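Next comes run.txt, with compact mmCIF, C-alpha atoms and all ligand atoms.
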# COMPACT_ATOMS: atom_id res chain seq x y z
CA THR A 1 -7.86 -11.59 5.95
CA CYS A 2 -6.05 -8.44 7.23
CA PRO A 3 -6.36 -8.35 11.00
CA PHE A 4 -7.85 -5.36 12.70
CA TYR A 5 -4.61 -4.67 14.64
CA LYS A 6 -2.88 -3.77 11.28
CA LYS A 7 -5.51 -1.14 10.33
CA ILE A 8 -5.51 2.53 11.41
CA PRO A 9 -9.10 3.76 12.08
CA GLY A 10 -10.22 6.97 10.39
CA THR A 11 -7.64 6.61 7.66
CA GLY A 12 -7.14 4.46 4.62
CA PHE A 13 -3.84 3.24 6.21
CA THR A 14 -2.40 -0.17 7.03
CA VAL A 15 0.79 -1.08 8.93
CA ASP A 16 3.02 -4.02 8.03
CA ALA A 17 0.15 -5.56 5.99
CA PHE A 18 1.73 -6.80 2.71
CA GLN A 19 0.66 -10.49 2.65
CA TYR A 20 -3.14 -10.23 2.16
CA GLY A 21 -3.12 -8.99 -1.45
CA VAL A 22 -5.06 -5.79 -2.03
CA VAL A 23 -6.47 -4.60 1.26
CA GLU A 24 -9.83 -3.11 0.26
CA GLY A 25 -9.88 0.56 1.26
CA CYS A 26 -6.11 0.95 1.64
CA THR A 27 -4.64 4.10 0.14
CA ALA A 28 -1.19 3.92 1.82
CA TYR A 29 0.82 0.90 3.13
CA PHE A 30 3.32 1.77 5.93
CA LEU A 31 6.33 -0.54 6.63
CA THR A 32 7.88 -0.09 10.13
CA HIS A 33 11.11 -2.05 9.44
CA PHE A 34 12.85 -4.57 7.13
CA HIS A 35 12.13 -7.89 8.92
CA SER A 36 10.50 -10.69 6.89
CA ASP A 37 7.32 -11.25 9.03
CA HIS A 38 6.62 -7.55 8.48
CA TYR A 39 7.51 -7.08 4.76
CA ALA A 40 6.28 -10.53 3.70
CA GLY A 41 4.63 -10.00 0.37
CA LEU A 42 6.54 -7.05 -1.09
CA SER A 43 8.37 -7.48 -4.45
CA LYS A 44 9.18 -5.65 -7.73
CA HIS A 45 5.49 -6.09 -8.74
CA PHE A 46 4.00 -4.02 -5.91
CA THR A 47 2.28 -0.87 -7.31
CA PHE A 48 0.90 0.97 -4.23
CA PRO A 49 2.59 3.73 -2.23
CA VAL A 50 4.88 2.40 0.54
CA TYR A 51 5.79 4.81 3.32
CA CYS A 52 8.92 4.05 5.44
CA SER A 53 12.26 5.31 6.70
CA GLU A 54 15.21 6.15 4.34
CA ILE A 55 17.10 3.00 5.41
CA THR A 56 14.07 0.71 4.93
CA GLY A 57 13.57 2.39 1.50
CA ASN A 58 17.25 1.53 0.52
CA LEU A 59 16.60 -2.11 1.44
CA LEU A 60 13.24 -2.24 -0.49
CA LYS A 61 15.02 -0.89 -3.67
CA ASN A 62 18.22 -2.92 -3.38
CA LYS A 63 17.16 -6.27 -1.83
CA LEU A 64 13.53 -6.71 -2.98
CA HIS A 65 13.69 -4.57 -6.21
CA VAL A 66 10.63 -2.51 -5.40
CA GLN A 67 10.43 0.27 -7.98
CA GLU A 68 11.56 3.67 -6.85
CA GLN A 69 8.37 5.45 -7.95
CA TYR A 70 6.38 3.49 -5.22
CA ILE A 71 8.91 4.08 -2.34
CA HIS A 72 8.16 7.09 -0.19
CA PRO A 73 10.92 7.57 2.44
CA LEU A 74 10.23 10.08 5.25
CA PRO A 75 12.81 11.74 7.52
CA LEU A 76 12.60 11.09 11.22
CA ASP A 77 11.34 13.54 13.85
CA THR A 78 9.56 15.65 11.16
CA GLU A 79 5.85 16.48 10.77
CA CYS A 80 4.84 15.13 7.32
CA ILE A 81 1.44 15.08 5.48
CA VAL A 82 0.36 11.71 3.93
CA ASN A 83 -2.97 11.70 1.95
CA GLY A 84 -4.08 14.59 4.10
CA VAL A 85 -3.11 13.19 7.50
CA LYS A 86 -0.20 14.52 9.66
CA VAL A 87 2.29 11.70 10.60
CA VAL A 88 5.69 11.54 12.37
CA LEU A 89 8.29 8.70 12.24
CA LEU A 90 10.28 8.09 15.49
CA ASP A 91 13.29 5.93 16.21
CA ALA A 92 12.06 2.56 17.50
CA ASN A 93 15.46 1.37 19.03
CA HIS A 94 14.93 -2.02 17.19
CA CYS A 95 17.11 -2.80 14.06
CA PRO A 96 18.50 -0.24 11.61
CA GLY A 97 15.81 1.90 9.95
CA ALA A 98 13.04 0.65 12.35
CA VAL A 99 10.44 3.28 13.26
CA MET A 100 7.39 3.97 15.39
CA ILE A 101 4.54 5.99 13.67
CA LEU A 102 2.47 8.81 15.24
CA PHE A 103 -0.86 9.47 13.43
CA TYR A 104 -2.84 12.69 14.05
CA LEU A 105 -6.41 11.87 12.93
CA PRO A 106 -8.60 14.63 11.42
CA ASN A 107 -11.05 14.16 14.37
CA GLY A 108 -8.29 14.95 17.02
CA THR A 109 -7.37 11.41 18.02
CA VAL A 110 -3.66 10.69 18.25
CA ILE A 111 -2.45 7.05 17.62
CA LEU A 112 1.09 5.63 18.22
CA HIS A 113 2.03 2.39 16.47
CA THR A 114 5.31 1.13 17.96
CA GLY A 115 6.14 -1.29 15.17
CA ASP A 116 8.80 -3.55 16.85
CA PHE A 117 10.66 -1.55 19.60
CA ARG A 118 12.90 -1.73 22.63
CA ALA A 119 11.44 0.89 24.98
CA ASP A 120 13.91 3.31 26.43
CA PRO A 121 13.68 6.35 28.75
CA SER A 122 15.13 8.51 25.93
CA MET A 123 11.79 8.18 24.16
CA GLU A 124 10.19 10.20 27.02
CA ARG A 125 12.03 13.23 25.56
CA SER A 126 11.12 12.86 21.87
CA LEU A 127 8.09 14.50 20.13
CA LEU A 128 5.96 12.05 22.14
CA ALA A 129 6.23 14.26 25.18
CA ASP A 130 4.35 17.09 23.28
CA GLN A 131 0.80 15.75 23.21
CA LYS A 132 -1.53 13.08 24.49
CA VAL A 133 -1.77 9.68 22.76
CA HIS A 134 -5.20 8.06 22.96
CA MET A 135 -4.51 4.67 21.31
CA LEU A 136 -1.28 2.55 21.46
CA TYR A 137 -0.60 -0.34 19.03
CA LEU A 138 2.01 -2.09 21.19
CA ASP A 139 4.89 -4.55 20.51
CA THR A 140 4.06 -7.11 23.19
CA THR A 141 6.73 -9.75 22.24
CA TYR A 142 8.01 -10.13 25.85
CA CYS A 143 4.87 -9.02 27.77
CA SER A 144 5.28 -11.35 30.79
CA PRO A 145 7.32 -10.80 34.01
CA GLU A 146 9.68 -13.75 33.44
CA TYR A 147 11.28 -11.74 30.61
CA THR A 148 14.21 -9.86 32.17
CA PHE A 149 17.40 -9.30 30.36
CA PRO A 150 20.48 -7.18 30.69
CA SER A 151 21.19 -3.89 28.93
CA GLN A 152 22.65 -4.02 25.45
CA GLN A 153 25.78 -2.29 26.80
CA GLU A 154 26.36 -5.09 29.41
CA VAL A 155 25.99 -7.78 26.79
CA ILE A 156 28.48 -6.06 24.41
CA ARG A 157 30.99 -5.66 27.28
CA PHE A 158 30.78 -9.42 27.93
CA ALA A 159 31.26 -10.32 24.28
CA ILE A 160 34.18 -7.88 23.74
CA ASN A 161 36.12 -9.16 26.85
CA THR A 162 35.44 -12.81 25.99
CA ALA A 163 36.64 -12.52 22.37
CA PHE A 164 39.67 -10.38 23.24
CA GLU A 165 40.84 -12.84 25.95
CA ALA A 166 40.35 -15.92 23.71
CA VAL A 167 42.23 -14.58 20.68
CA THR A 168 45.07 -13.10 22.76
CA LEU A 169 45.56 -16.52 24.41
CA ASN A 170 45.31 -18.27 21.02
CA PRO A 171 46.16 -16.09 17.95
CA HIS A 172 45.01 -19.03 15.76
CA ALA A 173 41.38 -18.92 17.09
CA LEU A 174 38.60 -17.74 14.68
CA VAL A 175 35.56 -15.76 15.96
CA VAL A 176 32.20 -16.55 14.23
CA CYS A 177 28.93 -14.64 14.75
CA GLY A 178 25.55 -15.81 13.47
CA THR A 179 22.90 -13.67 11.73
CA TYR A 180 19.59 -14.21 9.80
CA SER A 181 18.25 -10.70 9.38
CA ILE A 182 19.34 -7.07 9.94
CA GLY A 183 19.77 -6.04 13.57
CA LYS A 184 22.33 -6.76 16.26
CA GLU A 185 25.20 -5.36 14.13
CA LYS A 186 26.86 -4.04 17.35
CA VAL A 187 27.72 -7.63 18.38
CA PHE A 188 30.03 -8.44 15.45
CA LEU A 189 31.25 -4.80 14.89
CA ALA A 190 32.29 -4.31 18.51
CA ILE A 191 34.17 -7.63 18.54
CA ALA A 192 35.94 -6.92 15.22
CA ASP A 193 36.90 -3.46 16.57
CA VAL A 194 38.62 -4.79 19.74
CA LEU A 195 40.52 -7.33 17.59
CA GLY A 196 41.64 -4.85 14.83
CA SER A 197 39.95 -6.96 12.16
CA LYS A 198 37.16 -6.32 9.58
CA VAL A 199 34.22 -8.62 9.60
CA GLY A 200 34.10 -10.99 6.67
CA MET A 201 30.84 -12.09 5.10
CA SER A 202 29.04 -13.24 1.97
CA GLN A 203 28.40 -10.84 -0.91
CA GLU A 204 24.61 -10.89 -0.16
CA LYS A 205 25.14 -9.86 3.52
CA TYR A 206 27.74 -7.25 2.60
CA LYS A 207 25.16 -5.72 0.19
CA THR A 208 22.54 -5.68 2.98
CA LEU A 209 24.92 -3.82 5.35
CA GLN A 210 25.88 -1.23 2.71
CA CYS A 211 22.14 -0.20 2.65
CA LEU A 212 22.21 0.87 6.37
CA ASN A 213 23.90 4.35 6.48
CA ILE A 214 26.31 3.11 9.14
CA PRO A 215 29.24 5.68 9.37
CA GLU A 216 32.62 4.40 8.16
CA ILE A 217 31.17 0.95 7.22
CA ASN A 218 33.72 0.49 4.38
CA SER A 219 36.37 0.54 7.17
CA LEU A 220 34.65 -2.24 9.25
CA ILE A 221 33.31 -4.90 6.82
CA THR A 222 34.67 -6.88 3.86
CA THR A 223 33.93 -9.77 1.47
CA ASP A 224 37.50 -11.08 1.79
CA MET A 225 37.18 -13.89 4.36
CA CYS A 226 40.90 -14.61 4.22
CA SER A 227 42.10 -11.26 5.64
CA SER A 228 39.44 -11.34 8.42
CA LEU A 229 39.36 -13.12 11.76
CA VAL A 230 35.66 -12.42 12.59
CA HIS A 231 33.37 -14.27 10.21
CA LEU A 232 29.54 -13.85 9.91
CA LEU A 233 27.52 -16.95 8.94
CA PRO A 234 23.84 -17.88 8.67
CA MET A 235 22.45 -18.56 12.11
CA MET A 236 21.51 -22.07 10.79
CA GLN A 237 25.26 -22.87 10.43
CA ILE A 238 25.97 -21.97 14.19
CA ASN A 239 26.20 -25.52 15.52
CA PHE A 240 29.04 -28.06 15.88
CA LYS A 241 28.57 -29.77 12.46
CA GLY A 242 28.28 -26.39 10.64
CA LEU A 243 31.29 -24.92 12.51
CA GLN A 244 33.58 -27.98 12.02
CA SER A 245 32.73 -27.78 8.29
CA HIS A 246 33.51 -24.05 8.15
CA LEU A 247 36.83 -24.65 9.96
CA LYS A 248 37.88 -27.21 7.32
CA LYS A 249 37.19 -24.48 4.70
CA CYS A 250 39.79 -22.12 6.25
CA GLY A 251 42.73 -24.37 5.19
CA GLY A 252 44.50 -24.76 8.54
CA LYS A 253 44.78 -20.95 9.10
CA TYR A 254 42.82 -21.56 12.36
CA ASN A 255 42.67 -24.39 14.95
CA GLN A 256 39.88 -23.17 17.33
CA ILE A 257 36.41 -21.46 16.88
CA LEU A 258 34.71 -19.23 19.38
CA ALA A 259 31.10 -18.60 18.10
CA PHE A 260 28.34 -16.22 19.33
CA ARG A 261 24.56 -16.85 18.87
CA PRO A 262 22.79 -13.56 19.84
CA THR A 263 19.42 -14.99 20.91
CA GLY A 264 16.41 -13.04 22.23
CA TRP A 265 15.41 -14.65 25.56
CA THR A 266 16.38 -18.11 26.76
CA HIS A 267 15.19 -19.61 30.21
CA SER A 268 18.74 -19.38 31.69
CA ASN A 269 17.72 -15.60 32.12
CA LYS A 270 15.51 -16.49 35.13
CA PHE A 271 18.50 -18.05 36.95
CA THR A 272 21.80 -16.83 35.48
CA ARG A 273 23.51 -13.33 35.35
CA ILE A 274 25.56 -12.09 32.31
CA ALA A 275 28.79 -12.37 34.35
CA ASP A 276 28.00 -16.12 34.82
CA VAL A 277 27.18 -17.34 31.19
CA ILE A 278 29.12 -20.41 29.89
CA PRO A 279 29.56 -21.93 26.45
CA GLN A 280 28.66 -25.31 24.90
CA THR A 281 32.01 -26.96 23.89
CA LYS A 282 32.93 -29.93 21.65
CA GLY A 283 36.55 -30.38 20.83
CA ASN A 284 38.14 -27.09 19.71
CA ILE A 285 34.68 -25.40 19.09
CA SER A 286 32.84 -23.27 21.75
CA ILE A 287 29.35 -21.68 21.28
CA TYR A 288 28.04 -18.86 23.45
CA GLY A 289 24.30 -17.94 23.47
CA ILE A 290 24.16 -14.24 24.54
CA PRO A 291 20.84 -12.44 25.40
CA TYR A 292 21.15 -9.40 23.10
CA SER A 293 17.51 -8.21 22.69
CA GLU A 294 16.06 -5.62 20.28
CA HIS A 295 12.64 -5.88 21.98
CA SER A 296 11.47 -4.36 25.30
CA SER A 297 11.91 -6.34 28.50
CA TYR A 298 8.67 -6.64 30.56
CA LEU A 299 9.82 -3.87 32.94
CA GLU A 300 10.97 -1.53 30.07
CA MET A 301 7.58 -2.00 28.36
CA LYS A 302 5.68 -1.37 31.66
CA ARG A 303 7.60 1.89 32.31
CA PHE A 304 6.93 3.20 28.79
CA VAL A 305 3.22 2.49 28.98
CA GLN A 306 2.84 3.88 32.56
CA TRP A 307 4.63 7.06 31.33
CA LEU A 308 2.50 7.41 28.17
CA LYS A 309 -0.85 6.68 29.81
CA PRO A 310 -2.79 5.65 26.74
CA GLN A 311 -6.64 5.35 26.79
CA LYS A 312 -6.61 2.05 24.82
CA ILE A 313 -3.88 -0.58 24.18
CA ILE A 314 -3.96 -2.85 21.06
CA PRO A 315 -1.36 -5.65 21.22
CA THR A 316 0.32 -6.66 17.92
CA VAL A 317 2.30 -9.75 19.16
CA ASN A 318 1.16 -13.04 20.83
CA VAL A 319 -2.44 -12.28 19.78
CA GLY A 320 -3.11 -15.77 18.37
CA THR A 321 -4.30 -17.53 21.56
CA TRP A 322 -7.02 -16.68 24.04
CA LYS A 323 -4.83 -17.43 27.05
CA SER A 324 -2.12 -15.03 25.73
CA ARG A 325 -4.58 -12.29 24.96
CA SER A 326 -6.27 -12.60 28.34
CA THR A 327 -2.96 -12.60 30.25
CA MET A 328 -1.74 -9.46 28.49
CA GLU A 329 -5.05 -7.63 29.22
CA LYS A 330 -4.57 -8.50 32.93
CA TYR A 331 -1.07 -6.87 32.96
CA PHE A 332 -2.42 -3.78 31.20
CA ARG A 333 -5.07 -3.38 33.97
CA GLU A 334 -2.53 -3.87 36.74
CA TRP A 335 -0.36 -1.17 35.12
CA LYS A 336 -3.20 1.30 34.83
CA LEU A 337 -4.40 0.74 38.41
CA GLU A 338 -0.85 1.05 39.86
CA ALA A 339 -0.21 4.32 37.96
CA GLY A 340 -3.67 5.93 38.34
CA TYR A 341 -4.76 6.63 34.76
NI NI N 1 11.43 -7.03 14.03
Could I get this file's structure written as structure tokens?
Amino acid sequence: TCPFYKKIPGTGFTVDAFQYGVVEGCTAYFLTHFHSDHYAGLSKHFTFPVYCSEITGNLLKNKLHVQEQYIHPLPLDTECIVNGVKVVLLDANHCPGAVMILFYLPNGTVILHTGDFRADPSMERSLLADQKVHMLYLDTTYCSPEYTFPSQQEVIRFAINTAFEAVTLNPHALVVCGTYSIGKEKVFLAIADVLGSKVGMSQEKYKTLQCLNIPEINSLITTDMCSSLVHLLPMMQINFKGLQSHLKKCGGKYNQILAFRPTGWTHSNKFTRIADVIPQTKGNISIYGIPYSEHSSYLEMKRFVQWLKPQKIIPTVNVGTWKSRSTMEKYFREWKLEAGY
């Protein structure tokens, strides 16, 4: 059944709760972002109001064929009334169109649901600074101190320099980047930009990217693989067998592949810097795993929470085991005692 951490008390609202059938009592279904664990269950047959960002609304219409009459897009940073309750959507710094939701309950309680986010000090100057938040429904994906990772900017610098050097040394090398969802577009766009190429991709992925309101996107992406030297493939195909096969398909236009797998965290993060990453190589194929995260590090999450000072924290990730739940609750207490709230 629908878990309590997907229900907003004092409202008829749920968040990211589309795979339980009809949630009894639910008058409005919010969707924080277009990732499959969150939208699982939506389709053209859904007949309840869905509230979301503009970009998530484009993807619901165009990729899932949800009917327009049930899609209710809200602008960001704007006080809106939904079934008599004031709400605000904020940028979550996750994938395109991903939002956090501020609920102002009729009784005076204020609730923030982060959806999926990567906490950032810029959030300390949004509409969150303007009033107290009593309850926080928190993206705890990486809520443990082993999870460090570099800034997004450092990771893109590494990828740009690596690609540029490889292709300038060998003009017959192909760059491949893996993907299995929206997000992490900066990886492949920034590489294609330094190389003066467009990124080539399948028709289905091209359609997905045209839903994202990215400025000048017609200038950066294409479905013509032949004119492109940065290809996007399913993440499943980013391995030596899948890459050798793809190389055959290019007809001897290329003799070398340099591939990027933008992973979340991998245990080389506890030992190795970004400056010191190396690929896996077999023959003329090299694969780089790069730690490009769209979730908070442990320290970024801790700062955000110690700044916000909520009265109650409700984790939405890693909640399935007692040992995980109990460990997170221990960090939350440390944070509160260190900061004095
Ligand atoms: Ni997500």
Just want the residues within 9 Å of ligand NI 1 (chain N), written as number ranges by chain, counting only C-alpha atoms and all ligand atoms.
A: 32-38, 94-95, 98, 115-117, 182-183, 294-295
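Coordinates place atom CA of residue 247 of chain A at a distance of 20.0 Å from atom CA of residue 162 of chain A.
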Quick one: everything within 10 Å of residue 212 of chain A, counting only C-alpha atoms, minus sequence neighbours fewer than 5 positions away in the same chain. Send it as a list in words.
residues 54, 55, 56, 58, 59, 95, 96, 97, 182, 207 and 217 of chain A
Give me, as a ChimeraX atom specification, all polymer residues having an atom no more than 7 Å from residue 48 of chain A, counting all atoms listed in the file and skipping those fewer than 2 positions away in the same chain.
/A:46,50,70
Counting all atoms listed in the file, the option among A:4, A:20, A:13, A:332 closest to residue 143 of chain A
A:332
Point-to-point distance in Å for atom CA of residue 113 of chain A and atom CA of residue 12 of chain A
15.1 Å
Tell me which protein, DNA and RNA residues are within 9 Å of residue 293 of chain A, counting all atoms listed in the file, leaving out same-chain ones fewer than 6 positions away, and put them as an NGL selection string.
:A and (94 or 118 or 149-152 or 184 or 262-265)
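Candidate residues A:119, A:195, A:209, A:275 were compared for distance to residue 157 of chain A, and the nearest is A:275, using all atoms listed in the file.
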For residue 181 of chain A, which residue among A:241, A:273, A:205, A:336 is the nearest when counting all atoms listed in the file?
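Selected residue with least distance to residue 181 of chain A: A:205.
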List every residue of segment 101-184 of chain A that has an atom at most 10 Å from any atom of segment 81-93 of chain A, and for each one report the closest atom pair and its distance in Å to one decimal, counting only C-alpha atoms, with rows sorted by chain and then by increasing residue number, as a tab-separated table.
residue	atom	partner	partner_atom	distance
A:101	CA	A:89	CA	4.8
A:102	CA	A:88	CA	5.1
A:103	CA	A:87	CA	4.8
A:104	CA	A:86	CA	5.4
A:105	CA	A:85	CA	6.5
A:106	CA	A:85	CA	6.9
A:110	CA	A:87	CA	9.7
A:111	CA	A:87	CA	9.7
A:112	CA	A:88	CA	9.5
A:113	CA	A:89	CA	9.8
A:114	CA	A:92	CA	6.9
A:115	CA	A:92	CA	7.4
A:116	CA	A:92	CA	7.0
A:117	CA	A:92	CA	4.8
A:118	CA	A:93	CA	5.4
A:119	CA	A:93	CA	7.2
A:120	CA	A:93	CA	7.8
A:122	CA	A:93	CA	9.9
A:123	CA	A:91	CA	8.4
A:126	CA	A:90	CA	8.0
A:127	CA	A:90	CA	8.2
A:128	CA	A:90	CA	8.9
Sphere at (32.9, -27.4, 20.1), radius 10 Å, counting all atoms listed in the file: residues as a list in words:
residues 239, 240, 241, 243, 244, 256, 257, 258, 259, 279, 280, 281, 282, 283, 284, 285, 286 and 287 of chain A
Of A:242, A:3, A:10, A:73, the one nearest to residue 30 of chain A when counting all atoms listed in the file is A:73
Which residue gives the smallest distance to residue 9 of chain A among A:71, A:135, A:313, A:308, with only C-alpha atoms counted?
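Between A:71, A:135, A:313, A:308, the residue approaching residue 9 of chain A most closely is A:135.
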